[PDB]
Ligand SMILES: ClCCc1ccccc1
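Single chain ahead, by itself, as structure tokens, in the form solved without the named molecule.
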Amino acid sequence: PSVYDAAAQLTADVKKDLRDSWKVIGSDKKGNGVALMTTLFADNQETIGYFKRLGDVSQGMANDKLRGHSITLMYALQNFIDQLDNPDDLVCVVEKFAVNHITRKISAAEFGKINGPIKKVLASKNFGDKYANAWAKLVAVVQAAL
């Protein structure tokens, strides 16, 4: 299937759940972005080496490169959320970020490692399994490009 095919999973209900949870998670991009990355590295230690540009990714907010990365990642998510109703626009921004990951040899399966950290960050604001599942559908749009 194509990336457009994958975006068919973003039904009205999935988009509502994405938007509702993002209103909260995206309101603290620094805090929740660094939490997302820290959780990735806590649970998926095999990924740490890919991030060597950032320095020591265990230093949390006392690592300016990690903070800058993490905030910017949250604006990638903001971008996706704002494009949900126009699959043409969603696909072209997904393809852009997919290239950022392809050129670093991140496979679709490796990209999907982010679902565990997303589930945990969601649950930190009491967004449960329905919301984690909705976010996995959005992650899968990127996986379709990888």
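In this text, residue numbers run from 1 along the sequence as written.
Here the subject shifts to the form deposited with the named molecule bound, a form of this protein not shown in this document.
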Q. Is there any non-hydrogen atom of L10 lying within 4.5 Å of the named molecule in the deposited bound form?
A. no
Q. Are any of the heavy atoms in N32 no more than 4.5 Å from a heavy atom of the named molecule in the deposited bound form?
A. yes
Q. Heavy atoms within 4.5 Å of the named molecule in the deposited bound form: does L84 have any?
A. no
Q) How about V14: is it within 4.5 Å of the named molecule in the deposited bound form, going by heavy atoms? A) no
Q: Report whether all of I25, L36 and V121 sit within 4.5 Å of the named molecule in the deposited bound form, measuring from non-hydrogen atoms.
A: yes
Q) Which residues from 63-90 come close to the named molecule in the deposited bound form, meaning a heavy atom within 4.5 Å? A) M74, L77
